[PDB]
Number of protein chains: 4
Amino acid sequence: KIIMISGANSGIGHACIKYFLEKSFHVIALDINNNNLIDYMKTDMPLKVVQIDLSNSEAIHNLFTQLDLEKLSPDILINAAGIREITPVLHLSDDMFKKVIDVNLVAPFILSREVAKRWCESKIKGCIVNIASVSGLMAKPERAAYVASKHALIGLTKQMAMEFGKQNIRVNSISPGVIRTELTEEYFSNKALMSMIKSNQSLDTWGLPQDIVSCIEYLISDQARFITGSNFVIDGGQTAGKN
Amino acid sequence: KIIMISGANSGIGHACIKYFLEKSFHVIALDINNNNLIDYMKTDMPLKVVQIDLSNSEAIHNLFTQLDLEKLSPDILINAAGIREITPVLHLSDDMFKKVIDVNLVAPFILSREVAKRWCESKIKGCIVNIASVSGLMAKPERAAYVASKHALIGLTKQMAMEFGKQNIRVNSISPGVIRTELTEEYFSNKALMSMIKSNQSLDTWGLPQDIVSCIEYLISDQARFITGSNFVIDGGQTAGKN
Amino acid sequence: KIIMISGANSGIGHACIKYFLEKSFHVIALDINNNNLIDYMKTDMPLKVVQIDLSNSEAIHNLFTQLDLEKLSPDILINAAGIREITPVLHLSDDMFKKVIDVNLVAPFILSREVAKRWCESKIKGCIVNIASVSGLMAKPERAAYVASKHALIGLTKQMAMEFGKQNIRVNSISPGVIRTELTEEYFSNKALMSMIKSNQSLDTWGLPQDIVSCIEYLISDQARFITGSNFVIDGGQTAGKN
Amino acid sequence: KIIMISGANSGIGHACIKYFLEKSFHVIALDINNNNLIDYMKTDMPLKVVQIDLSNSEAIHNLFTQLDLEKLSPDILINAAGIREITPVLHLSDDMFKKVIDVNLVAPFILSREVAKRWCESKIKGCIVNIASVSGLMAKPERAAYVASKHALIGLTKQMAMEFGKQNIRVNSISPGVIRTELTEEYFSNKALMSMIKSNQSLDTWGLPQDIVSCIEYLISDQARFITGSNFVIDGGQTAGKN
Ligand SMILES: NC(=O)c1ccc[n+]([C@@H]2O[C@H](COP(=O)([O-])OP(=O)(O)OC[C@H]3O[C@@H](n4cnc5c(N)ncnc54)[C@H](O)[C@@H]3O)[C@@H](O)[C@H]2O)c1
Ligand SMILES: NC(=O)c1ccc[n+]([C@@H]2O[C@H](COP(=O)([O-])OP(=O)(O)OC[C@H]3O[C@@H](n4cnc5c(N)ncnc54)[C@H](O)[C@@H]3O)[C@@H](O)[C@H]2O)c1
Ligand SMILES: NC(=O)c1ccc[n+]([C@@H]2O[C@H](COP(=O)([O-])OP(=O)(O)OC[C@H]3O[C@@H](n4cnc5c(N)ncnc54)[C@H](O)[C@@H]3O)[C@@H](O)[C@H]2O)c1
Ligand SMILES: NC(=O)c1ccc[n+]([C@@H]2O[C@H](COP(=O)([O-])OP(=O)(O)OC[C@H]3O[C@@H](n4cnc5c(N)ncnc54)[C@H](O)[C@@H]3O)[C@@H](O)[C@H]2O)c1
């Protein structure tokens, strides 16, 4: 199987590249940066790395030209590339709101549409997993674009699941709570902050990239044949309520 | 009180212009069309009509430069301008997805940020109502951008309610079900379709613009003092469940 | 019009009694206590006070046999009677859990079923408003029964809305955030508790019974003709998210 | 490891018995009937079978007395026993509404409290899985008690997850869509009703008990360390929206 994973240079998407490579998949890795993939690019692993700014829809079109010319058509798409602003909403510029939208929502849409197109043409049973967030279900401060983008992606998941259901293409999302990655690593040296995170959820611990990889493994498995349009929350109780 | 209302040339937004002018508000009306607003312009009702493509963030910026020069700032913002594609997702182009997002989400974001900036600097207690949709809570076919945009707008509402809560700026959404307007008018002479719409909800009728205007009236009233971050569904039971 | 209001001796249901008497409704008041309703009974306002334990389903059955004999069938039902435990779940007894369920869920169910039976017989357009809670959408500590009961009542509201929609019987719920009543009075003299409440929501205030009464007023109005199966959150932003 | 599974005689619960015995768990099976479990007791697999009417709370307390004497505390609890009425709500009796509540909500609650009590006393981790339903998230006709009870169980899951999270007791729910079991078997020979079922979801198939077992298997695994308070929908797209 061929799996295409965005966000491959860091955090959850990188954990996925490593995991799926170890399980003998052919991996197409998409990211705007590649410093964490250079070593692997020098090996003979079945890894194709594309350096791509997924905020640029022209660039995504060029990616599918390249993939089609290389006869590479993934079976599975993991939309994990994403960005998060931390900024007072009055200081969030038009261009920055748009940028978050373009990465977190538009790119998943376009990548999903293109893979679905090729699956419908070839009559293949594809699978998409969208990395949303608990911010797709509730708000947080200083994250207007982020929260909007993640709400959007939950909706998109359900919509595309309905759209391609008769073609046996399954589309699901995962909504992580706090996962220790490069995105969130700054939190973990701050005592006050770690205390407040632990206060906002039920388990006295934090997630790791492997917790989300495991979920992905489940959602792409044969055991997930009846799962489509669902959102799986992996958040140590962050969304359960208020305490 | 000054009320800024997008989508003012048609449908819900147009019913709003009429009703609120009738109630002695000063109205700033935004829309890309103005043919229905011309008659009202001929009167000396306190109505400013702006012809503006809200998909162009530069035209929104010019709008607000004009308003600042005129020392005109709204007390209330109704985000009602919206578009809806009906397009099988494999035929939904990058530009069209992004256009729906830019009208349905980015314009409410920018209008909201700009009014809220002026409220925070003046220490005025503002109110924003976003017209989302039941497509902000569930999916529908051939509506990938629409569903994504309406889900986004619901999360944006929650986020901005949170962001501006300490400044006493309330931000709520309304999720209509089927409302007879120029958007949906084509359905109403199709018997097959009308019967399907009625089977998909609880009440044997459809909504009218006035159903949404009355909800807006409540949400901007003093009786809505403790209401923020809420989504008011006005849908004849369309979202209640199945069968 | 006759309006039947449970919880009539205290808090929200008492504020309803007074308000709706003032607008010329005939009121049927249901509560297990009556000390606050005594003054009202002495006047000859059109108020019928019934002292009833709504956790006793046979007493409810008798009430309706009586009401039938007296030709008092309500046109509107407001289910406001409720209780709330604050008990660590390991100390929450079988009986305490069942009682909270019986009062918060079963009583609304039976009352609703009986009023709707009479509307369907008479071909009347009835209206039910269930007072749920934000604890019907998320969890809180030491409130296992309360949370379960309120999630149930949200479900029940949707279900009855669908069941009775073709008969033009509308069924909606209100989910209050923190409303200052006898239920919550103990909180208001604890400063630390009040601070935590306020930082868990958007608005620096709390709700009053009148906030809920005005929402009731809207939902029973003719302007609510297309509203059924909806849950109206009146909560100062408490549910918007975290921070 | 010991797992207690309710509803062990039929459908999902029975599929669990067989599966987890094959995996070397010691299984405490609970059900009001036992005819499908007789054969298993004939082998000497580590299976305790208990005949118990889980609507009877004293019978639950006697169960725990007897397990305490045998020193068998389960490590994992799967609440799968349930019932569903198909009855027009005007014909749904007080007792039948309460019965559905007692089986579908109150028994999960008591079982959960009792296992949690012993996990907290022994300072052992514990894991609960509650079998809710898509009727826990939306309504369906003729199912007032069932929709109520399943909404309640979703809320109870979230609450208990919050309540016991500091003790590392994880509590999650699974919400199946149409699973072919003895509960639903009657539908499958009805051509028209099958066609309506497929029309209401995205995938042209139905679930099997194994689909829910596999979800349980994931929720009780070490890969589920960060999952609590979550609701996993396994429904073929039934909840995605309306088509
Ligand atoms: N870590 C968390 O706590 C958390 C919580 C919930 C959801 N998420 C989501 O998980 C996903 C992955 O997060 P992460 O923690 O691994 O973050 P990360 O920053 O460690 O990795 C994200 C990767 O995405 C890539 N990316 C960003 N913008 C891109 C662009 N324009 N083009 C191509 N690649 C781009 C980044 O360069 C980076 O390598 C994101 O969508 C994030 O919003 C994370
Ligand atoms: N009518 C329904 O059944 C229904 C259901 C749910 C939600 N809604 C929403 O309600 C809102 C109003 O819908 P309506 O039914 O009144 O539709 P409408 O088409 O009658 O009115 C929409 C107006 O918005 C304006 N508009 C669109 N694009 C714009 C642009 N780029 N710049 C400026 N103005 C623009 C249009 O010119 C038009 O006058 C929309 O957001 C719509 O999605 C409608
Ligand atoms: N006040 C809040 O902050 C808040 C928040 C959310 C929801 N609610 C809900 O609003 C509703 C009204 O609450 P309130 O604040 O007015 O509480 P309150 O305690 O002041 O009034 C509730 C009334 O219901 C009656 N009641 C209780 N059990 C009864 C029984 N067995 N039979 C008859 N009457 C019975 C009580 O006697 C009392 O008069 C409740 O369902 C409650 O859960 C309140
Ligand atoms: N099958 C579906 O399509 C579906 C969909 C959503 C949720 N569910 C839920 O999944 C769970 C399992 O359902 P299933 O399809 O296996 O049903 P089933 O009828 O096949 O099995 C239910 C079992 O629960 C037991 N039970 C019922 N009442 C009991 C009592 N008072 N005490 C002890 N045992 C009792 C029954 O005897 C039976 O063995 C239920 O909670 C059901 O509501 C099923």
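Ligands are counted one by one from 1 in listed order, and the atoms in each one are counted from 1 as well. Every chain is numbered from 1, with letters handed out A, B, ... down the list of sequences. Atoms considered below: every heavy atom in the structure, side chains included; atoms not considered: hydrogens, waters and symmetry mates.
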Should [X] and [Y] count as side-chain neighbours, where that means a heavy-atom distance under 4.5 Å?
{"X": "C/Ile110", "Y": "C/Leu54", "value": "no"}
{"X": "D/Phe188", "Y": "D/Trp206", "value": "yes"}
{"X": "D/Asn231", "Y": "D/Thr157", "value": "no"}

Protein residue, atom and distance nearest to [atom], heavy-atom basis:
{"atom": "atom 20 (O) of ligand 3", "answer": "C/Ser10 OG, 2.6 Å"}
{"atom": "atom 37 (O) of ligand 4", "answer": "D/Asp31 OD1, 2.6 Å"}
{"atom": "atom 1 (N) of ligand 3", "answer": "C/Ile179 O, 3.1 Å"}
{"atom": "atom 10 (O) of ligand 3", "answer": "C/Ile131 CG2, 3.4 Å"}
{"atom": "atom 8 (N) of ligand 3", "answer": "C/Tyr146 OH, 3.7 Å"}
{"atom": "atom 32 (N) of ligand 3", "answer": "C/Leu54 N, 2.9 Å"}

Counting heavy atoms only, which of [options] is nearest [atom]?
{"atom": "atom 26 (N) of ligand 4", "options": "D/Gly13, D/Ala81, D/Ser135", "value": "D/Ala81"}
{"atom": "atom 13 (O) of ligand 3", "options": "C/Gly11, C/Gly7, C/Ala80", "value": "C/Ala80"}
{"atom": "atom 33 (C) of ligand 1", "options": "A/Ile78, A/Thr181, A/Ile52", "value": "A/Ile52"}
{"atom": "atom 4 (C) of ligand 3", "options": "C/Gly177, C/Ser133, C/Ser6", "value": "C/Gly177"}
{"atom": "atom 9 (C) of ligand 3", "options": "C/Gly82, C/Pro176, C/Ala8, C/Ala132", "value": "C/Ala132"}
{"atom": "atom 19 (O) of ligand 4", "options": "D/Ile234, D/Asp235, D/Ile60, D/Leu183", "value": "D/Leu183"}

Which one holds for [X] and ligand 4: side chain close, backbone close, both close, or neither close, with close meaning a heavy atom under 4.0 Å?
{"X": "D/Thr184", "answer": "side chain"}
{"X": "D/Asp53", "answer": "both"}
{"X": "D/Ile32", "answer": "both"}

Exercise for review: May I ask you to identify, for A/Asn33, whether its side chain, its backbone, both or neither come under 4.0 Å of ligand 1 on a heavy-atom basis?
Suggested key: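 The part of A/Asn33 near ligand 1 is the side chain, not the backbone.
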**Study point:** Any N/O pair A/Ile12/ligand 1 closer than 3.5 Å
**Key:**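 Between A/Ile12 and ligand 1 (N or O atoms, distance only) the closest approach is under 3.5 Å.
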Practice item. Flag D/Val178 as yes when one of its N or O atoms lies below 3.5 Å from any N or O atom of ligand 4, and as no otherwise. Key: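 Looking only at distances, the answer is no, because the N/O contact criterion of under 3.5 Å is not met.
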Point to revise | Salt-bridge contact C/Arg180-C/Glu185 (side-chain N to carboxylate O under 4.0 Å) | key: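 Yes.
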Exercise for review: Determine yes or no for a side-chain-to-main-chain donor-acceptor pair under 3.5 angstrom, with C/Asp31 supplying the side chain and C/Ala8 the backbone.
Suggested key: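 Yes, the answer is positive, given that a donor and an acceptor are paired below the 3.5 Å cut-off.
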Practice item. Could you tell me if any non-hydrogen atom of D/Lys150 lies under 4.0 Å from any atom of ligand 4? Key: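 It does; at least one heavy atom falls under 4.0 Å.
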Check your understanding: Does ligand 3 have a heavy atom under 4.0 Å from the side chain of C/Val103, from its backbone, from both, or from neither?
Key ->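 Only the side chain of C/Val103 comes within reach of ligand 3.
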